[PDB]
Every structure is written in C-alpha cells, then in structure tokens.
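Let's start with one chain on its own, the form deposited in one PDB entry, as structure tokens.
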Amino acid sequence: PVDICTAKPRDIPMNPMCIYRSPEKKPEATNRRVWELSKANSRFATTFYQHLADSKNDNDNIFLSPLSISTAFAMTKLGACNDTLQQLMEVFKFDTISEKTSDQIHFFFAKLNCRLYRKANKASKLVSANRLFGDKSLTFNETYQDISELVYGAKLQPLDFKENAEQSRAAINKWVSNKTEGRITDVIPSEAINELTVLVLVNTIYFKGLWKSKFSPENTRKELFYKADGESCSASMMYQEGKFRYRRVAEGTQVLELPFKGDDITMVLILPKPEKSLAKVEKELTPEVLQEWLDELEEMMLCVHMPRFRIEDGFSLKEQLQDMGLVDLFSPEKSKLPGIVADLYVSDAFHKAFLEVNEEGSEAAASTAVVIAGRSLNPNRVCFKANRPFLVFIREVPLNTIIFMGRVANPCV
C-alpha cells in the first residue's frame, strides 16, 4: 500500500538539480522530526504574525492558520527549484532545521500531517483545505501530484482561468466552502482571479471543537472590553472557575490554556497586564519566548473571564509574503516550479481563517448549564479577566503545533 503514515524518506523522490541544503547551527516520547518541523513552523508563524500585526491597526482582530499557509507553500515547494526553492525554505524557516534537505522537509510534513489529520481522535476535527489551482492549458507533472497527494493530501486542480476565469473562482470557493463545513465561504475575493491568472494558491484549515470544561451561558455577563484606542465597549464576557494550565510570565502577562475535548488541541490565550500593551507583547514574543511560556504552563485553579468572540480574516498572502522575501515564486520571470509542470509562477495566494468562540467551545452553540455543588474557592484566588486585547492560539499539544493564531482586540458586536 503505502500511506502518509507509513511513508519513509524512500517514498519521496528527491529530484536532484532541485534540492536545497540549509546551513548548520552550532523533549518527548514525541517524534523528533515532527518536533523539529513544528519549531520551524512556529518560527514562521510568529514571524509572519509579527509582520502581519505591524501592518495592521491595533483595534483590529486577526486570525490565521500559520500551519495552513506553511503547509500550502510546502506542497508548492515540492516542485520548486533553485532561487525559488531557496526563498521558500528561508521564508518559511524550513531552512532553520539543521543541515536538513529540502527533500526531508516533505518527509517531516508526512509525519506531521499523518498525525495531525489521521492518527488524531474524533474530537480533533481537523480538516485541511489547501489546494493548488492552475490553468488547464498547462501540463502538470504526475510525480508531483502523486506526492502532493500522499504527503499533502491534495493534487493541483486545473481550472479554466483564461476562459471561465470567473467560473473558476466560484469553483474554488465552492470547494473550500465544502471542506470548511460552509464556514469559509468566499475564499477568493471578487475580481481576484482573471484571464491572466496562471497559478492560484488557496489555503485554510477547519477546526471544530468543544471545550473540555464548558462555560455556563447562565454566567455570561455583558462587560466592558477596553480597546487599543483607549475606549471601551460591551462584550459577552463568559465566566467560569476551574483548573487550567496557567502561568504568569514576564511583566505580568498571563498565559491561559483552555483545552478542547480530545485534550490534544487547546486554545492558549495571552493577556498582558492592563498597563503593558499587546503590541508591546506581540513585539517581544519570539518563537523561543513563546515556546518557553508554554513549557512553563502549570495546572492551577483560577477564575476565568473570557469574552465570547468571532473572528474572520481574509488573506492575500502574495504581498506580505514577497515583502518577507518570497519573491521568485510570484515572479513570472524569476519563478521556477519545474516539478509542477510537465513559465509557471504563482499569481496569488489566498488564505481565510474563521474562529467563533462561545460557552460550548469553538464551533457549536448547544446550550449547557453548569452545577458545581460544594465548592469553596480562595477569596484571594488568581483571576484572568480578558477585558482588553489578548493573543490567541489553537495548538496541537502533542505535536507542538500552532494551528491557528490570532488576536482579539475587539470582541464586541
């Protein structure tokens, strides 16, 4: 047979002439390769997140799936070469995994992807909506497709851009929307794709989950949420008391982990103290700093106030991505995707992320009351009130993977 979970480096053609070799640099029961990749992948998430945050206004929420983008450009990378391939490695930090080969990266995703989407449990409803779209006139390589299928679970789909340019756009949106249980409707904006369109990269991940420790709607109370602009608005502040992996870090910033049923996927909230600013924290937050904060998360009983929120971000990666160094892939001239063709470059890359958080969890709203008999909490107990902007992440703990990462700078409606 040979599926994603049995794939061995031997089951992934190297393709000489097209292999990069990133420089050198001189805890588990968990797979090391997955460990290394997740670190390289989180390295890109925080980088990308920072650039993206800087380009945005503080009062704007944000939400994306860096794992998505990262995986999307990884399958694109599958058939990239030379200049194009290098930028792909360096931009997405895959080149930060010591002496690793552009070929091995794909083997790592094999391992990662195998566990993220297959070996996972029922509760870990994780759907990968990443596909490559190119015009029919182009002849695509079947070795690429076959590997892109095995590893990334998706082949490049040919669409009639030249002719049915607009008909294609709707074909794409119809497909992303299918996998995203309808949540990720439009994926490519209007007049985004046209006759000149050659290659289009779309990427999203869909997660559906229930809190392991639900909030009771009965305890939700409209509260003020202070924004960046110094103003205030009313949000539906959820409230509960429970045991959560928590941790007060540098300068009073609070890190809270709220797991979902399944236990492997959790939402981490980062709330700086009223004084310090989220922007200040977004800046200071680095891969190792974030990795550290998470390693220090210790179970603790606390009072949690959390605004109910909904965030939906529409991304056109191309700009920021090339602004970050990925220039060739988007270049009709400098581009080089020899493995994907049988002048091929990426026209644009679209990303859409969606998060709705309520008392039952992320995605759902099936009311549930909560009765806690015979509980007496310390009248001094530590509280976590998120009535000011805070970061958010959805990560697969065992895989040390950041699936989604966002910012809730305004939850109010």
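We number the residues from 1 along the sequence you see.
> When you step from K26 to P27 in this entry, do you jump over none, 1 to 3, 4 to 9, or 10 or more residues of the deposited sequence that have no coordinates?
Count of unmodelled residues in between: 10 or more.
> Quick check on the record: how many residues from the deposited sequence are absent from the model between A342 and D343 (none, 1 to 3, 4 to 9, 10 or more)?
Missing residues, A342 to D343: 4 to 9.
> Do the C-alpha atoms of 279-287 or of 114-122 have the higher average B factor in the entry?
Looking at the recorded C-alpha B-factors, 114-122 comes out higher on average.
> With reference to the PDB entry, specify whether the mean Cα temperature factor is higher for 395-403 or for 15-23.
On average, C-alpha B-factors are higher across 15-23.
> Comparing recorded Cα B-factors across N358, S42, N59, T30, which one is largest?
That would be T30, according to the entry.
> From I270, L302, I188, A72, pick the one with the largest CA B-factor in the entry?
When the deposited C-alpha B-factors of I270, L302, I188, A72 are compared, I188 is largest.
> By its CA B factor, does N380 count among the lowest, middle or highest third of the modelled residues in the chain?
For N380, whose C-alpha B-factor we compare with every modelled residue in the chain, the answer is the highest third.
> Would you mind checking where the Cα B-factor of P307 ranks among the modelled residues of its chain, as the lowest, middle or highest third?
Answer is lowest: the recorded C-alpha B-factor places it there.
> Going by the recorded CA B-factors, say which third of the chain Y226 sits in, lowest, middle or highest.
Tercile = middle for this residue's CA B-factor.
> Compare the C-alpha B factor of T266 with those of the other modelled residues in its chain, then answer lowest, middle or highest third.
Its C-alpha B-factor, which the entry lists for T266, ranks in the lowest third among residues of this chain.
> Grab the CA temperature factor for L256 from the record and place it in the lowest, middle or highest third of its chain.
CA B-factor rank for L256: lowest third.
Beyond what is shown, the protein has a form solved in complex with a partner chain; the following relates to that form.
> Using the partner position in the deposited complex, report whether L37 sits within 4.5 Å of the partner chain, counting heavy atoms only.
Result no; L37 lies far from the partner chain in the deposited complex.
> Please tell me whether any heavy atom belonging to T76 falls inside 4.5 Å of a heavy atom of the partner chain, as the geometry stands in the deposited complex.
Answer yes; at least one heavy atom of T76 falls within 4.5 Å of the partner chain in the deposited complex.
> I'd like to check something about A53: if you look in the deposited complex, is any of its heavy atoms closer than or equal to 4.5 Å to a heavy atom of the partner chain?
Contact check for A53: no, nothing within 4.5 Å of the partner chain in the deposited complex.
> Though only this chain appears here, would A45 touch the partner chain in the deposited complex if you measure heavy atom gaps against 4.5 Å?
Contact with the partner chain, no.
> Judged by heavy atoms and a 4.5 Å cut-off, are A72, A192 and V202 together in contact with the partner chain in the deposited complex?
Checking in the deposited complex: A72, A192 and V202 are all within 4.5 Å of the partner chain.
> Out of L116, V151, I105, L337, which one falls within 4.5 Å of the partner chain in the deposited complex, going by heavy atoms?
Partner contact (heavy atom, 4.5 Å) among the options: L337.
> Of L297, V198, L290, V281, which one comes within 4.5 Å of the partner chain in the deposited complex, counting heavy atoms only?
Of the listed residues, the single hit is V198.
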